[PDB]
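A short worksheet on the structure shown next.
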Amino acid sequence: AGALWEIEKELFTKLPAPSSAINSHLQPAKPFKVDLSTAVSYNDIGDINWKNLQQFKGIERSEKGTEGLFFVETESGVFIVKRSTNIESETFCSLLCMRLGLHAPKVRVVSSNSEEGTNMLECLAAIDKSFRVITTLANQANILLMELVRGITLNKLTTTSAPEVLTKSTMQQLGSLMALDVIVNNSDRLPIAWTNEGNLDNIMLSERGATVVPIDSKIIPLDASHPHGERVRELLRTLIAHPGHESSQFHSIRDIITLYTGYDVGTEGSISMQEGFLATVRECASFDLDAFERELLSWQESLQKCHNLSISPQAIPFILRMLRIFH
Ligand SMILES: Nc1ncnc2c1ncn2[C@@H]1O[C@H](COP(=O)(O)O)[C@@H](O)[C@H]1O
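Just so we're aligned: the sequence shown equals residues 2 to 32, 48 to 343 in the deposited numbering.
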C-alpha cells in the first residue's frame, strides 16, 4: 500500500487490455455464500471504506487451497482478503508478472498494525458470522487484499470446453507464464526444470478472452551453482535451434495439461506454448539490466518501507542471473 500501490498501478496500467469477448465457458461456478457466478469484481481495492459497515453484505471463507482466502461482498462488488504463507514473494511476484506482460490479479498489502489495518480488522470482525475470520487473520502481521478474477482454474476445464478456450492465444500466454516461473524458479505451477507433477490450481483463465491470469506466484532462489542453470540454457538452446518441433520438455508439460483436462492440444498447441515462451525470453533479452535491477530494487525498497517486509536478499541477484542467461 502507499508507494507500492502506486508502482503497481503504473505497471498494471501498461498491460494490454484483454479481449472484450466474454467466454461463457470460463464463467465461475454457481453454488452466507458468495455467488461467484454472478458477482462483480470490486473495482478499486486501493479505496475500500472499512468504516462504512453498511456497504458490506458478508464474508465467505473459500474452503479451497490455502484455507486463508476470503471473499468479501460489498455492495460495489467483491474483493478478496487473504492470509499469505509468503506474502513478500507473492506480492513481489505479482509485480514481476505485470512487468513481464502477465495479467496477475491486482494485490495490495495491508499491515495489521496500521490505521487501516486495525480499521479493516474491526470491520471484518463485525461482519463475520463464521467465527473464523478474526482467528485466522488477526494473528498476521500483513494481510493481502486481492482483485476478484472472474474465471476458472485450468484444472476445472472439462474437455467439451477446452476447444473454445485453449486457442492459440491462451497457449502462447501459458508459454510466457512458464518463462517467468523459470526466471523465478517457481516449480509449483508448470514443471519443465523440475520432476514435480506441477499444479494447475495456480493458474486461472479469465472470462475476458480466456486471458491467462496466474496465481499464488512464488519465488525460491536456488542460487550460486545449481542444475537449474544449465538445464534452462539447454532447453532454450534446443528450442531456438528448431522451434518447429515440440521439444522433449514441452511434450512433457503438454501431457500434464492433457491429463487434468483430458484434452490433448497436440503438437500445434505445444508449438504455440513454445512460441509464447520464446517471445517472452526474447523480450527479456532486450532489458537494460542495470535499469531493470533498479526497478527491482525500487519494489524491494517500497516493500521494506511501507511494511517491514524484506524479501530474500538472493531473490534479485537470482532473477537477474536467469535474466542474463536469456542473453
Ligand atoms: N483472484 C481470484 N479470484 C477468484 N478465485 C481466486 C482468486 N485467487 C485465488 N482464487 C481461488 O481460490 C482457490 C484457492 O486459492 P489459493 O488458496 O490461493 O490457491 C483457487 O483455486 C481459486 O478458485
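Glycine included, each C-beta is placed from N, C-alpha and C at the ideal position.
Top-ranked residue by Cα proximity to residue i, from the options
i                 : options                        : result
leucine 164       : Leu52, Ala4, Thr211            : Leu52
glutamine 316     : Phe86, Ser100, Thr14, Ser105   : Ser105
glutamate 11      : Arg253, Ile23, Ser314, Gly285  : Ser314
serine 130        : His119, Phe147, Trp66          : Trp66
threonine 283     : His261, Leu294, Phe303, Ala295 : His261
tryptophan 6      : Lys321, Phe308, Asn24, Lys184  : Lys321
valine 88         : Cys139, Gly117, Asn102, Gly81  : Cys139
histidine 119     : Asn68, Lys80, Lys15, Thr82     : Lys15
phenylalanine 147 : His258, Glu299, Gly74, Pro333  : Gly74
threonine 101     : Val94, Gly84, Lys145, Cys113   : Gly84
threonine 152     : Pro259, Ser78, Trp210, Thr174  : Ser78
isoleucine 159    : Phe266, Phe303, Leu325         : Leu325
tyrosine 279      : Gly214, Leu294, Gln265, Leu182 : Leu182
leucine 173       : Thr296, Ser241, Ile272, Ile208 : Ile272
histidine 343     : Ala307, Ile327, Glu299         : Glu299
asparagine 24     : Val198, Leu112, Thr186, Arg253 : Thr186
Assumed close pair residue i, residue j - CB separation to whole angstroms, cut-off 8 Å
i             : j             : result
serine 222    : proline 19    : 7 Å
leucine 255   : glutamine 290 : 6 Å
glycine 225   : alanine 55    : About 20 Å; that fails the 8 Å criterion.
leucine 336   : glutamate 309 : 6 Å
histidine 244 : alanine 209   : 6 Å
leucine 137   : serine 127    : Between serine 127 and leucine 137 the Cβ distance is about 11 Å, and since that is not below 8 Å, they are no contact.
Under 8 Å between C-beta atoms of residue i and residue j
i              : j                 : result
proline 29     : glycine 167       : yes
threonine 227  : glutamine 189     : yes
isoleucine 341 : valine 200        : no
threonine 176  : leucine 216       : no
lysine 122     : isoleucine 61     : yes
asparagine 212 : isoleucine 235    : no
residue 39     : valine 125        : Coordinates for residue 39 are lacking, as the chain steps from 32 to 48 with nothing built in between.
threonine 277  : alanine 154       : no
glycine 191    : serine 288        : yes
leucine 206    : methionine 194    : yes
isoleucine 96  : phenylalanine 108 : no
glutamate 76   : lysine 49         : yes
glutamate 180  : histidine 323     : no
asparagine 218 : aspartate 239     : no
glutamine 330  : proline 237       : yes
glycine 292    : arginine 270      : no
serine 92      : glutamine 70      : no
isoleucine 150 : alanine 142       : no
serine 263     : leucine 275       : no
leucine 196    : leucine 116       : yes
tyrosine 58    : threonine 82      : no
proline 259    : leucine 294       : yes
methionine 114 : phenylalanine 13  : yes
Any non-hydrogen atom of ligand 2 within 7 Å of residue i CB
i          : result
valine 165 : What this structure holds is ligand 1, not ligand 2.
>> Report the start-end ranges of each beta strand (DSSP E) in the region 103-144 that is 3 residues or longer and not cut off at the edges.
In response: Runs of the beta strand (DSSP E) inside the region 103-144: 123-127.
Quick check on the DSSP output: what are the complete alpha helix (DSSP H) runs of length 4 or more inside the region 186-254, in order along the chain?
Positions of the alpha helix (DSSP H) runs, each at least 4 residues long and wholly inside the region 186-254, cannot be given because no such run exists.
| query | Curious, which full-length beta strand (DSSP E) runs of at least 3 residues does the region 266-311 contain? | reply | Qualifying beta strand (DSSP E) stretches: none in this window.
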